[PDB]
Amino acid sequence: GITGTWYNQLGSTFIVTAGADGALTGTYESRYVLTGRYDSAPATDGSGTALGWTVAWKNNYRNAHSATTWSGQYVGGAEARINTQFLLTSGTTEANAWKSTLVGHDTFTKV
Amino acid sequence: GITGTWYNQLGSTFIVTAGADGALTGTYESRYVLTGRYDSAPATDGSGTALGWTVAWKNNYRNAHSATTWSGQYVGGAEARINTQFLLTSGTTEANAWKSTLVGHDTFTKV
Amino acid sequence: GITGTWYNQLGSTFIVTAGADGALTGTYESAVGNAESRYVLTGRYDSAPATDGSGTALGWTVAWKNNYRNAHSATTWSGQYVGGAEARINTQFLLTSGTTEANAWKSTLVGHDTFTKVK
Amino acid sequence: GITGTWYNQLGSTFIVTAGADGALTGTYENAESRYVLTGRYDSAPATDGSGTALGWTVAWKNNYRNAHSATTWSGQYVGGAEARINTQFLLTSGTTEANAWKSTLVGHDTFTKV
């Protein structure tokens, strides 16, 4: 139930393919390459499915010298969702290294 | 460069290949598949190179039902360093989700 | 505006007073974790925030020791108050447990809490 | 072992007093660089060699300056010769709703008696 199109509440879109080898591949909409990993054999006791992915914010058109990683879980059901916390790291000089990383969270629905 | 064998303070071992257009692939070590991305065209001003990667903690011997993502930057220097912050998420029930995610930091060197 | 009784989405209660010195004092009751009854909190807040529609930065700490139990840990919430039709305090938290050096790598939990004046 | 003066490696200092029941009060630092702190610590920690859980907050406003922000530090004290306080922090800035997603920085810092 992870494969498909997911939306957060701020207009972002990601299209992911969940591989039988536990790979997560896809696109984060401009448009960037996404890549990560998920638990391909989760428990069936009500627990969600742990997963994570990364996007580096460079494509053919632009480059923000930064990258975001999302760490969370997939919860299936009537209203399937992916609940995440993220770290967004920017390339800084070592003087500014303490202020390099933002932390936040985001929920995705199949909306 | 980024490509190489890296070690953290706790003795972990991280083997990466940095690809031509932003891919990170390799193994984390009990050896697990990692995947990520990096800024393939960083600043020329002394800024570091932003990157991130994910490991899902299942292999052909163990499954902890959890995933860790690392977000950081590569600093090229006399000692080349990769400085990160990580999020380790565990599959929980949604009543336990509040204690699902650990946060910490890690520094890798080629030594 | 911050002074009042606040509840999170889990049923916990946050009774606080915002003083004029930027101080925050009060009591926290958690609905989850190793805890029971009330614990003391203290923190700080921006007593003169920007006029441009931004919110009010604040933070506080609870050490989870009271007369009923000791979880050997503390939590800090960091966030901002947003005054509006639906007044709300949005935070992120760090919960640190005392550990030995060996497991300090797993001493800290991070999550996010939203508080509202209506339960 | 907590009461006193602590230093990080980026040229910052805090002076704390740890009161008998888990209170922490002090200053984070010239006058224009001085700010008030307050937090709590576990006043009856385990004797198993585990550290002492603590946390504190500084809002970045004093009599001269206002950064419209607050940092909370969450961590543990470890006694001994190299007495250390190991923390992770969260630094939140007041933003607009639109930019709340970029309001909070996360990082780590270590404090020593020397």
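Here every chain is numbered from 1 following its written sequence, which may not line up with the entry's numbers; residues without coordinates are dropped from view. For this description, chains carry letters from A and ligands carry numbers from 1, given in the order in which they are written. Hydrogens and water molecules were not included; the side-chain quantities draw on all heavy atoms of the structure.

Looking at the PDB entry, one finds chain D named CORE-STREPTAVIDIN and attributed to Streptomyces avidinii. UniProt positions are given in the numbering used here, feature names are shortened, and annotations may be inferred rather than shown by experiment. According to the UniProt record, the Function comment for chain D reads "The biological function of streptavidin is not known. Forms a strong non-covalent specific complex with biotin (one molecule of biotin per subunit of streptavidin)." Under the UniProt heading Subunit, the note attached to chain D is "Homotetramer."

In the nomenclature of the PDB entry, chain A corresponds to CORE-STREPTAVIDIN from the organism Streptomyces avidinii. Here chain A is described in UniProt, under the heading Subunit, as follows: "Homotetramer." Heading Subcellular location of the UniProt record for chain A holds this comment: "Secreted".

Caption draft 1: Region of interest: the overall build of chain A. The secondary structure listing takes helices from DSSP runs of H or I that are at least 4 residues long and strands from runs of E that are at least 2 residues long, numbered from the N terminus. A count of helical and extended segments in chain A gives zero helices and eight strands. Written out in order from the N terminus, the α and β elements of chain A read β-β-β-β-β-β-β-β. Its C-alpha atoms put chain A at 45 × 30 × 30 Å along the principal axes. Going through the 111 residues of chain A one by one, you find that 51% of them count as buried. Approximately 4,700 Å² of chain A is accessible, and the part contributed by carbon and sulfur atoms is 52%. In this tally, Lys and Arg are treated as positive and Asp and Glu as negative; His is ignored, and so are the chain termini. For charged residues, the charge sits on one atom: NZ in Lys, CZ in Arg, CG in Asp, CD in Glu. The distance from the centre of the 7 positive side-chain charges to the centre of the 7 negative ones in chain A is 11 Å. Exposure categories follow from relative accessible area, calculated using a 1.4 Å probe and restricted to protein chains: below 20% of the type maximum is buried, above 50% is exposed, and the middle band is partly exposed. Only the protein chains shown count as cover for residues, and all accessible areas are computed by the Shrake-Rupley method using a 1.4 Å probe.

Caption draft 2: Representation of the interface of chain C and chain A. By the convention used here, residues are in contact when the closest approach between their heavy atoms is within 4.5 Å. Facing four residues of chain C, the contacting portion of chain A comprises four residues. Taking both sides of the interface into account, the surface hidden between chain C and chain A amounts to around 340 Å²; carbon and sulfur atoms contribute 45%. Summed over both partners, the accessible area lost on bringing two parts together, with a 1.4 Å probe, is the buried area. Interface area lost by chain C to chain A is led by C:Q92, C:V110 and C:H112, which between them contribute 95%. Polar contacts here mean pairs of N or O atoms no more than 3.5 Å apart (in protein, one a potential hydrogen donor and the other a potential acceptor; neighbouring residues in sequence count only if both atoms are side-chain atoms). At the boundary of chain C and chain A, one finds zero residue pairs in polar contact. Looking at the side of chain C that touches chain A element by element, the count peaks at three residues for strand β8 (residues 108-116) of chain C.

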